[PDB]
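Below, in C-alpha cells: the form deposited in one PDB entry, a single chain.
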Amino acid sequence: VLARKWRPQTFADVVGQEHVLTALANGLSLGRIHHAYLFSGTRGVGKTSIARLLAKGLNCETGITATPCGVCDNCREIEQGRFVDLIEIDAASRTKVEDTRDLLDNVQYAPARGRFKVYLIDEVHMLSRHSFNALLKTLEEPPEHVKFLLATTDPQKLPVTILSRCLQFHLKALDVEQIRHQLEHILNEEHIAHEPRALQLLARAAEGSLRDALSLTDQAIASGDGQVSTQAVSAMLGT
C-alpha cells in the first residue's frame, strides 16, 4: 500500500517535522550522539520513520551521517527490518510480551555488524514496571555501542527518571496543506489521476495523520475507478 511504499528513506523525504530534523541532522553531522532519543507525538506523524532514519544514519557503512546513503548493506537491511543491529521492540504487543521482557533484560553490548547496537522501542510507555527499571538501569550506566530510540504517543505515562535521560523530540500533527501537498506529490509519482478538491478533502479527513491520509487515499483509488476524483471522494467521505 501507499504507506509502506512511501515510507521516508531520507530526512529530506520526511514531511514537516523541521525542528526535529534540523536538530538530529546537526547532531549527526557533528558527531554529537546521545545515548537515548525519545520521539513523541500523535498517530502517523512520523515518529517511527524518523527513529528508523536515525538508526540508518548511525550505522551507514559510509559513516555516521545525517544522509544515509541508502544503498549499503546496513542501509538496505535496516530498510527491510532485517538488520541484526537494529532490534525492534513493541511494548504495545500482547503477543511479544516475553521477548520484550527478555531482550531488555539482556542488552547485547557489542554490535555484531554495524558500529552501534540499536534498540527501537515502540509505545515505550506500555512497558511493564519490571522493564522500565531494566531500561532505566541501562540508561543510567550507558553501554557504549548501544543506542536507545524510544517512541510514544504519551510521554507523560513514562517514569520521569527515564524521560529525563533522553533527548526528547515532540512531533506535531501535520497541517492540512502539509498532508495535501504530500498526497499530490505521491499521486504524481505513481501516475495516478487526481483532482484538487479531492486531495483537499482527503487531507482534511486525515485529521493530522499522514498514515490515515494514505490509507484514505488507497481506499479512494480502489473504490473510485483507479483514480482520486472529487465526486468519488465526497461520496466515500460523506461530504
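Definition used throughout: the rigid core is the maximal C-alpha set that superposes within 1.5 Å between two forms. Residues carry their position along the shown sequence, with the first being 1.
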Comparing 168-176 with 199-207, where is the mean C-alpha B-factor higher? 168-176
Would you determine, from the values in the PDB entry, which of 130-138 and 70-78 has the greater average C-alpha temperature factor? 130-138
Can you tell me whether residue 231 has a C-alpha B-factor in the lowest, middle or highest third compared with the other modelled residues of the same chain? highest
Considering only modelled residues of the same chain, in which third does the CA B-factor of residue 148 rank: lowest, middle or highest? middle
By the recorded C-alpha temperature factor, relative to the other modelled residues in its chain, which third is residue 36 in? middle
So where's residue 42 on the chain's Cα temperature factor ranking, which third? middle
B-factor third for the C-alpha atom of residue 59 within its chain: lowest
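The same protein has a further form, the form deposited in another entry, not shown here; the description that follows concerns it.
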Quick check: residue 190 between this form and the one not shown - does its CA shift reach 2 Å or more after fitting the rigid core? yes
